[PDB]
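Asks: Encoded as C-alpha cells, here's the structure I'll be asking about.
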Protein chains: 4
Amino acid sequence: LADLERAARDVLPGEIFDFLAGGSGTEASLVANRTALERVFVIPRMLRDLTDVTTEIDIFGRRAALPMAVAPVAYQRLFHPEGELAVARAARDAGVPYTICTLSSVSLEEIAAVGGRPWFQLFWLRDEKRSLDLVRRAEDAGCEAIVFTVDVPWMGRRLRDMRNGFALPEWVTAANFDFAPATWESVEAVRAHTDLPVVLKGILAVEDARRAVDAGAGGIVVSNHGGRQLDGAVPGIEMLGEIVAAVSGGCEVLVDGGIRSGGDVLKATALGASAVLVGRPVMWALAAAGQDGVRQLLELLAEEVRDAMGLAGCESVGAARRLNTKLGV
Amino acid sequence: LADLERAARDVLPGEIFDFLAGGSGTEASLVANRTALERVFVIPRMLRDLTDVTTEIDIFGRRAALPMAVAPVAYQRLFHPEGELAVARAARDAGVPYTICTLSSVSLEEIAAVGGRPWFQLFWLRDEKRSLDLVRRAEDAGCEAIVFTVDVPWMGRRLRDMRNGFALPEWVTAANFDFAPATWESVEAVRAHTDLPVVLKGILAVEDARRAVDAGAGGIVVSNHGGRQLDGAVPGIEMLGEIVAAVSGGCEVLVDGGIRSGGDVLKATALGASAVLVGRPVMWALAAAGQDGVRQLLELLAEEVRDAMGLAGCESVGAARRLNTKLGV
Amino acid sequence: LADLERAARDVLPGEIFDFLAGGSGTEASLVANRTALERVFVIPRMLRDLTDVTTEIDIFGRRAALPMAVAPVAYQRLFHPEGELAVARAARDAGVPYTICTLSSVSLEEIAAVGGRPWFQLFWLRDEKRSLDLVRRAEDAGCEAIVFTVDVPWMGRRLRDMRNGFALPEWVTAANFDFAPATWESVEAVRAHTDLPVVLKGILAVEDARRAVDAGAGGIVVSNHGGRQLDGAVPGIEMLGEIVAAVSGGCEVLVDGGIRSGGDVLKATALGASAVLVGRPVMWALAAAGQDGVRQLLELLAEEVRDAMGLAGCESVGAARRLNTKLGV
Amino acid sequence: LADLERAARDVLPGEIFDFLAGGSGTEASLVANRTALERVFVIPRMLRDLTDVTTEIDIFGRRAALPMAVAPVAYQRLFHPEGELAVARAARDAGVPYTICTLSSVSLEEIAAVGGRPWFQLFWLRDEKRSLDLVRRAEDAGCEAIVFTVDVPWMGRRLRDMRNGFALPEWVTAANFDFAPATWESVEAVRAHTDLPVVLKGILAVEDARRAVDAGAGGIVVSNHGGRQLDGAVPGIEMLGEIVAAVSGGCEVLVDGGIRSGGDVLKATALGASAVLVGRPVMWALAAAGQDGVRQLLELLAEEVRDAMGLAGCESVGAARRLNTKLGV
Ligand SMILES: Cc1cc2c(cc1C)N(C[C@H](O)[C@H](O)[C@H](O)COP(=O)(O)O)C1=NC(=O)NC(=O)[C@]1(OO)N2
Ligand SMILES: Cc1cc2c(cc1C)N(C[C@H](O)[C@H](O)[C@H](O)COP(=O)(O)O)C1=NC(=O)NC(=O)[C@]1(OO)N2
Ligand SMILES: Cc1cc2c(cc1C)N(C[C@H](O)[C@H](O)[C@H](O)COP(=O)(O)O)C1=NC(=O)NC(=O)[C@]1(OO)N2
Ligand SMILES: Cc1cc2c(cc1C)N(C[C@H](O)[C@H](O)[C@H](O)COP(=O)(O)O)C1=NC(=O)NC(=O)[C@]1(OO)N2
C-alpha cells in the first residue's frame, strides 16, 4: 500500500494531499496509530485445517467479503472527478461496505443507488429535525447503518490547513445540502428515529463503550478520528482489547486508524475487532487510478488478509479473533 | 508555540537565549520534562453537554481565566525593554496570575501596581529578617500568594552559562534590592509571618508533598525547576499523579516543566494538577513582540485549552481532572 | 560474523542475496528476531570450576559438538557450486548436525552419504504417500530426525522477490524430485511412518508446543521462519522461555532466528533452548569461501560459544540453561 | 568530563585509545552501562538542613573524601610517562583510594610508597603460592584491601584489539613480575592468607553476592568489567539495588561502569552503592595532563558530587543512599 501513496502525492495538489494526510496539533495521535499497530505481534497457530479459509463476516445482518469497510472521508471529488461514486462502485464489487459521508461531494441517494448496501455517517447538525431528516433520507435510500460520528463536537485544529490556508475549491460541493455537538440525547433521538443499527464512531473510553451498548447502539468504532481530533488522544488500537472485554459481545466493535495491510487487519481482529475501517489508503487508490485503483486496493487487501489468516492458522475471522498477541518495542 | 521560539532565537543575543533555554549538567531533566509529557495520552470522553465549556478555575480564593499562571523567571528586561511590566500587563488582561520574581528587573511594588492580582516568588536570603521583610513587602503590595522556591539551596551548574561566560549586562538590575538554603524552619517562618497562602515550588518527593500540607502550605508546585537544578531529577509530570493522591486535596498541586500547548495543560490537569506554570514560552513571546506578544500567546493558549477540553468531553477543568490517561512509548 | 556478510554481498548476485536476506511483508518479524536477542542480557556466574568447559550436548540420542545445527535452507547451489555437499561436509567435520532441505539442489541420499549423521526437513506435499515416501527415503539414507516444517501451509509474501521478479536459474534444481498445508493429522501420519524423532519447526504458540509433545514430537523449533512467513509473527526468542516451561522437558526445544554469535547461542540456551539453528550466516560463509568458509564459521562460532560460556561461569550447556537473564531496552 | 576525552583522543595513539575505550564483542554491555545510568532518575528531597554537606565515607575502616576510588586499570604508562605514580599521587591528595593493578607498569611497592593508603587488585595466577605471595607483597607494602578480580577466568574477546593487532610496546612492562581462572577455593585461599578485607570485583548475580558475604568477603564490586568481559552481561547498575537488598549490609557494595559525573555517583549511591569505581575518565585526565590532570578531574568530580547531593537534599552520603529513584525511558 506504500506504493500508491507515492503515486497519490505526485498527482494530488500538495495542499489537497496534506488535507488528506494530516492530523491535529503536533499529530502525536496520527503517528501513534501506526506505532500502536507496529508494537502488536501475533502469536500464530500451526497445523490447523485450512481447507476453506474464508475472510467473510456477518455484520449488521449482512455478509461482507472482508472484515473491513470504507471509512467516511468527506469530499471525495477532491481526489478524483468521479469521487464517491468511484469508491462506492469498487466497494460494492469487492463485497465491502461503504460509508457515505454527511459531507459527500455527491448526494447520498446517488451513492446509495450504486447498490452494494452502504452505510451513512451522520454529523449532528443545527437542529435536531434536520439531523433526523438526514437520517430518514439515508434509511429511505437503503443505507444499512447510521454511523453517528461522536468525536466531532467541532473540528480539531489542523495545523496543516491553517498554514496552507486550504479551502474548498469551487468545484467541490456538500451535495447533501442546499452543525452542533452531539450528546447522548442526540444518540437517543437517532435511535428512536430509525430501525437501522446506530454505530457510534469515535469511542475511546471503556465506559463510553459500555454506555454505547446501554444506549442501544448496534456498534461502535474505536477511533481517535485518524489523529485528526484531540491531539494526544489515545490510539483506538490501544483501547480496543479493553473495550472488547467491557462490551462482552453487546455490540459490534470496529476499529480504525493506521490500517495499512492485511497484517494490520489480522492484528485488529486478534485484538478483538469485528472489522476495521480504512480511510486514507482508499483515497490514495482513488486519486491514483479512480474506481479501478480502489478495486485493486481492495483486491490486494483481500489477498493480504487471506494470506495473513492462513499463516496464522485461522480458517475464519472468528478464529483470528481468538489469536493471542504480544506487545513489542 | 514553536513558531515564536524561532522568532525569539533570531532577536535574542545568542547567550541570552541559552540562559533562557538551558538546563543544568547534561540537561537530562530538561529533555525529560518534554518526553514525560509526550508519553501521556488522554482518554477523551464523548457525547457530553458542552453548552458552557469554561476554562476558569478558583485558586487561592480567586478566579483565574485558565488553569495557568506565569512562572517566575528572573530578569525579564533581559528579553525586552519593558520586561516584567509587559508580561504582568498581558497576564492581567488575560485573567492569568503572574508570579513576581525575587530577582525581577523591576521592583515588585511596580509590578503589583499593574494589578491583575499577582504572586510573589521568594528566594530565601542572607538573614531571616530580610526574607520576611521581602514577604511583608509583597503582602503590603497586594500580592496574593508567596511562592516559596524550595529547590534552590544554591544554583545548579548551568554548563551553557559557564561555557558562555554569561553575566548580567549593566542595564539589568535586581530592582528589589539595593542568599541561603531554605529549610522547613524557613517555611514555618514565612507561614507565621503572612496571611497569604504559601506555595512551595520545587516539590518532587511524595513525602515532601505530604509534609508541605502538614507544614500549612496552601499549595505546591511539582517541578524540577525546568531541568535547571538537579540534573537527573525526576520530571514533575512523572511524580504528579502520585503526589496528587498523597495530598488528597489538602492543598493546591500545580506542575510546570515543558508545558507548550493547551493539550499539555489538558494532560497536566488529567494527571491531577490544579493549574500549570508556563515559563520559557512566555519569555519567547515577550522577546518577540513585548506585551502584545505575551497577550497573543495567552490568547492562543486559552483557545488551545478550550479546544482540547471540548474534544476531551470536559465542560470544566474539574471534569478534565477526572479524565483517565494511558502511557505510551 | 558481520565480516563475511559483507563478503557475501559482494560476490552474490544482488537478487540472490536478497532472496537469502529477506523477510515477508514489511520484514517486521525479521528485524524483531534481532531486537529480541539484543534486549536479552545474561547474568553471569563467577568463580565456578571451569576445568573442562565443554560445549557438547546430547540431542536425539547423539552427541553434538555445539548446541547448534545448520538450519534448512533451500537451493544451496544458489550460493556456491558445491552447495549442500560443501555445507554438509563442514558441518560433519565440526560435529554439528546438518538439516537436509526438501528443496535441496542435491539429492538427500548424496548429502546423507557425506556422513556426519544429518537431519531431513520435510515439506508436506501433494499427497500423503509422496510425503511419507520422502520420509522413508530420508530414514533409509540414515537421516537422524525428521524436521517437519509446520509454519508453511504456503509461502509468505516476499516483497523482495516480487519486486525483483526473482526466479530459479536454470542450473539450480529440486534434486529430490523428478505441496499442501500440513495439519496435526499429517504430523501423526509422519510419526506413525517413522522411528526417527519428529521435530516440528515453526512453533510459536505455547499450546502448539504442548500439543506437539502430546502428538509424540521428539522436538520443536521455536521459530517464525526467520521472519519469512507471517509478517508480524512474534519472534521465537520472545516465546522461548514460556514454551520451555510449558513443555517441562517433554521434548527438545530448539530456537532459531537471528543467531549471529556465540553470545546469542548463550542467550538462547539461558532462555532454555536445547540448541539453536543457524541459517543465513552459514550461507554467507558458503558463498564467500565454500566448504572451507563454512568450516571456519563453525570454528569461530564454536570458539565464541566456549568463550561466552566460561565468562558466564558455565562448564556445560546444562549450566548455561540454568543462567538467569534480564530484559533491557 | 566529556571535555577531556576529546583531549585524550587527540594525544593518544589511536590504537592505545581504543584499548582504553573498547569493550568485548559488539560492546553491547559497554553501551548498556551508560544507558542504564541515564534511565535512572533521582527523586530529590527539599528543605533539609545542609549546614555541613559532607561527601566523606568510611570504608574498610578508613575515611575517604568521596564515595569513590580509582578503578584498577593495567599498564598506566601506556597513557602517560609517569603512569601509576601520577594517578596514585593525585588520588592520595584527593583523599580517594587508588587500586594498584596486578599488571601495573610500576611495581606495587613503589605505588604504595606514594602513600594515601592504596588497594591491590589481584589476578589469580599460575599457582596458588605465587598469587598468595603477591597478596603478601601488597599487605607488606601497606595496601588496605585486596580487590580480587573474579570475572576474568580469561580475557574477553576485544574486537578492537584483534582488528588493531594491538600489543604492548617495548617501553611498557608488567613491573610486578620478572594466569588461571579463580574459583571460590581461590577466594578462601586469599581470605585465609590475609587480614586485609577481600573485595570481589565482577559480581553480577544476586546469589554470587550472597555467597561472597558467606565466603567472608569484606566487599564486592558490582561490575561487568566496563563491558570488557562477557558481551551481553547485564550492567552492574541494573543489578545493584537487588544485590544491595540481598547483602543486607553484610559487606560493602561498590559499583562501577560508566560513572561520568557527580550526578552518576549520586545515582549509584541512591541505588545503594557504598562507593563507585572510576576507570576510563581517570585515564583520560592522566593522558591529557598527568598528575595535575588527574587531580583536577578528582576536584571537579568532588565538586559535582557535593553539588548533586545538596540539590538532592542530602547532607551525607548515608542520606543519599536513602533517596528514592524512578526509571525512565
Ligand atoms: C481527509 C479525511 C476526512 C475525514 C476523515 C479522515 C480524513 C483523513 N475522517 C476519519 C476517518 O473516518 C477514519 O476515522 C480515519 O481516517 C481512519 O484512519 P486511517 O485514514 O489511517 O485509515 C472522518 N471521519 C468521520 O467520521 N467523518 C468525517 O467527515 C471524516 O472526518 O471529518 N472525514
Ligand atoms: C531563565 C529562567 C529563569 C528562572 C527559571 C527558569 C528559567 C528558564 N525558573 C523556573 C521556572 O519558574 C519554571 O519552573 C520552569 O521554567 C518551568 O519550565 P518551562 O520553562 O519549560 O515552562 C525559576 N524558578 C524559580 O522559582 N525562581 C527563579 O528565579 C527561576 O529560577 O532561578 N528563574
Ligand atoms: C533463504 C532461506 C531459505 C529457507 C529458510 C530461510 C532462508 C533465509 N528457512 C528458514 C530457516 O530454516 C531458519 O528458520 C531461519 O533462516 C533462521 O533464521 P536465521 O537465517 O536468522 O538464522 C527455511 N526453513 C524451512 O523449514 N524450510 C525451508 O525451505 C526454508 O524456508 O522455505 N528455506
Ligand atoms: C583499559 C582497561 C583496563 C582494565 C580495565 C578497564 C579498562 C578500560 N578494568 C576494568 C575497570 O577496573 C572497571 O571495572 C571499568 O573500567 C569501570 O568502567 P568505567 O571505565 O566506564 O569507569 C580492569 N579491571 C580489573 O579488575 N583488572 C584489570 O586489569 C582491568 O581489566 O583487565 N584493566
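Naming works like this for the C-alpha cells: A, B, ... for the chains as they're shown, residue 1 at the start of each chain, ligands 1 onward in shown order.
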Produce as a PyMOL selection string the set of residues near ligand 3, where near means within 8 Å with only C-alpha atoms and all ligand atoms considered.
Replies: chain C and resi 19-23+30+33+71-75+101-103+121-123+147-152+155+201-202+223-228+256-260+277-281
Asks: Residues of the last selection are to be written out with C-alpha atoms, as a tab-separated table (two decimals), in the first residue's frame.
Replies:
```tsv
chain	number	residue	atom	x	y	z
C	19	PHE	CA	16.34	-13.94	-1.59
C	20	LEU	CA	18.67	-15.04	1.21
C	21	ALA	CA	18.38	-11.98	3.45
C	22	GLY	CA	14.74	-11.01	3.01
C	23	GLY	CA	11.62	-11.47	5.06
C	30	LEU	CA	12.88	-10.35	10.55
C	33	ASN	CA	14.34	-11.50	15.80
C	71	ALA	CA	19.11	-24.70	9.60
C	72	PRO	CA	17.28	-25.97	6.49
C	73	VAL	CA	17.94	-23.54	3.64
C	74	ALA	CA	16.70	-24.47	0.17
C	75	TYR	CA	18.74	-24.48	-3.04
C	101	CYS	CA	16.14	-29.44	2.89
C	102	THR	CA	13.24	-30.93	0.91
C	103	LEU	CA	14.14	-28.39	-1.80
C	121	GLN	CA	13.39	-31.20	6.72
C	122	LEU	CA	10.02	-32.24	5.28
C	123	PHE	CA	7.58	-30.03	3.39
C	147	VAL	CA	12.28	-31.80	10.87
C	148	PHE	CA	8.65	-31.31	9.86
C	149	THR	CA	8.18	-27.68	8.81
C	150	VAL	CA	4.75	-26.71	10.13
C	151	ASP	CA	4.64	-22.94	9.52
C	152	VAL	CA	4.46	-23.09	5.72
C	155	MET	CA	4.96	-19.34	1.17
C	201	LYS	CA	9.70	-26.48	13.02
C	202	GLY	CA	7.79	-23.21	13.27
C	223	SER	CA	10.77	-20.16	15.06
C	224	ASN	CA	8.98	-17.55	12.97
C	225	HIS	CA	10.85	-18.89	9.93
C	226	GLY	CA	13.45	-16.12	10.03
C	227	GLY	CA	10.69	-13.55	9.59
C	228	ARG	CA	9.79	-15.06	6.21
C	256	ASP	CA	16.28	-20.05	15.58
C	257	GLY	CA	16.10	-16.54	14.20
C	258	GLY	CA	18.93	-14.04	14.30
C	259	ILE	CA	21.59	-16.17	15.98
C	260	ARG	CA	24.73	-14.28	14.94
C	277	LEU	CA	19.57	-23.43	14.32
C	278	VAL	CA	21.76	-21.13	12.23
C	279	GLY	CA	20.68	-20.34	8.68
C	280	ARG	CA	21.72	-17.17	6.85
C	281	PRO	CA	25.27	-16.90	8.35
```
Asks: Neighbouring residues of residue 28 in chain B were defined as those with any atom within 12 Å, considering only C-alpha atoms; residues of the same chain fewer than 2 positions away were excluded. Please report them as number ranges by chain.
Replies: B: 22-26, 30-36, 224, 226-235; D: 37-42, 263-264, 328-329
Asks: When the cut-off is 8 Å and we count only C-alpha atoms, which residues of chain D are near chain B, given as an MDAnalysis selection string?
Replies: chainID D and resid 40:50 263 307:308 310:312 326
Asks: Go ahead and save the picked residues with N, CA, C and O atoms, as an mmCIF file, in the first residue's frame.
Replies:
```
data_model
loop_
_atom_site.group_PDB
_atom_site.id
_atom_site.type_symbol
_atom_site.label_atom_id
_atom_site.label_comp_id
_atom_site.auth_asym_id
_atom_site.auth_seq_id
_atom_site.Cartn_x
_atom_site.Cartn_y
_atom_site.Cartn_z
ATOM 1 N N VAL D 40 18.123 6.163 35.013
ATOM 2 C CA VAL D 40 17.872 6.355 36.440
ATOM 3 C C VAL D 40 17.593 7.828 36.700
ATOM 4 O O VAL D 40 18.378 8.701 36.317
ATOM 5 N N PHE D 41 16.472 8.110 37.343
ATOM 6 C CA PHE D 41 16.159 9.459 37.781
ATOM 7 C C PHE D 41 16.077 9.473 39.297
ATOM 8 O O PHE D 41 15.600 8.514 39.905
ATOM 9 N N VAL D 42 16.587 10.537 39.905
ATOM 10 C CA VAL D 42 16.625 10.674 41.354
ATOM 11 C C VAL D 42 15.414 11.490 41.777
ATOM 12 O O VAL D 42 14.999 12.419 41.073
ATOM 13 N N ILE D 43 14.810 11.114 42.895
ATOM 14 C CA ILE D 43 13.746 11.918 43.481
ATOM 15 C C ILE D 43 14.363 12.772 44.581
ATOM 16 O O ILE D 43 14.571 12.278 45.701
ATOM 17 N N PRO D 44 14.679 14.042 44.328
ATOM 18 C CA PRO D 44 15.379 14.830 45.348
ATOM 19 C C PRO D 44 14.456 15.186 46.499
ATOM 20 O O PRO D 44 13.230 15.227 46.365
ATOM 21 N N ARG D 45 15.073 15.424 47.653
ATOM 22 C CA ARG D 45 14.387 15.888 48.848
ATOM 23 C C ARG D 45 14.695 17.366 49.036
ATOM 24 O O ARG D 45 15.780 17.837 48.687
ATOM 25 N N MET D 46 13.739 18.092 49.597
ATOM 26 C CA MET D 46 13.841 19.533 49.718
ATOM 27 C C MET D 46 13.880 19.936 51.180
ATOM 28 O O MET D 46 13.422 19.204 52.062
ATOM 29 N N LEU D 47 14.423 21.132 51.416
ATOM 30 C CA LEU D 47 14.224 21.857 52.667
ATOM 31 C C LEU D 47 14.887 21.176 53.857
ATOM 32 O O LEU D 47 14.482 21.382 55.000
ATOM 33 N N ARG D 48 15.912 20.373 53.624
ATOM 34 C CA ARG D 48 16.652 19.800 54.734
ATOM 35 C C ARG D 48 17.885 20.638 55.041
ATOM 36 O O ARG D 48 18.432 21.324 54.175
ATOM 37 N N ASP D 49 18.316 20.565 56.292
ATOM 38 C CA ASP D 49 19.500 21.284 56.731
ATOM 39 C C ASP D 49 20.729 20.810 55.963
ATOM 40 O O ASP D 49 21.078 19.625 55.991
ATOM 41 N N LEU D 50 21.378 21.733 55.265
ATOM 42 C CA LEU D 50 22.602 21.429 54.537
ATOM 43 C C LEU D 50 23.810 22.140 55.150
ATOM 44 O O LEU D 50 24.789 22.402 54.444
ATOM 45 N N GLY D 263 26.661 13.516 39.301
ATOM 46 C CA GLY D 263 25.293 13.036 39.233
ATOM 47 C C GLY D 263 25.211 11.521 39.141
ATOM 48 O O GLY D 263 24.313 10.905 39.719
ATOM 49 N N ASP D 307 27.626 19.112 44.851
ATOM 50 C CA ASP D 307 26.507 19.854 44.283
ATOM 51 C C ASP D 307 25.279 18.965 44.142
ATOM 52 O O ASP D 307 24.178 19.330 44.574
ATOM 53 N N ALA D 308 25.451 17.799 43.516
ATOM 54 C CA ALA D 308 24.329 16.888 43.334
ATOM 55 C C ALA D 308 23.701 16.512 44.673
ATOM 56 O O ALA D 308 22.476 16.532 44.816
ATOM 57 N N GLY D 310 23.623 18.189 47.525
ATOM 58 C CA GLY D 310 22.876 19.287 48.118
ATOM 59 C C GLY D 310 21.564 19.546 47.405
ATOM 60 O O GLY D 310 20.529 19.735 48.045
ATOM 61 N N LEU D 311 21.583 19.535 46.074
ATOM 62 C CA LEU D 311 20.351 19.722 45.320
ATOM 63 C C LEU D 311 19.361 18.601 45.596
ATOM 64 O O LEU D 311 18.147 18.809 45.490
ATOM 65 N N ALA D 312 19.860 17.415 45.958
ATOM 66 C CA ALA D 312 19.022 16.280 46.313
ATOM 67 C C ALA D 312 18.627 16.283 47.778
ATOM 68 O O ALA D 312 17.911 15.376 48.206
ATOM 69 N N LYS D 326 13.495 6.582 40.209
ATOM 70 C CA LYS D 326 12.441 6.176 39.291
ATOM 71 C C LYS D 326 13.098 5.955 37.939
ATOM 72 O O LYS D 326 13.961 6.740 37.538
#
```
Asks: DSSP on the backbone: which residues in range 242-295 of chain C end up as helix (DSSP H, G or I)? Give the answer as a ChimeraX atom specification.
Replies: /C:242-247,262-270,280-295
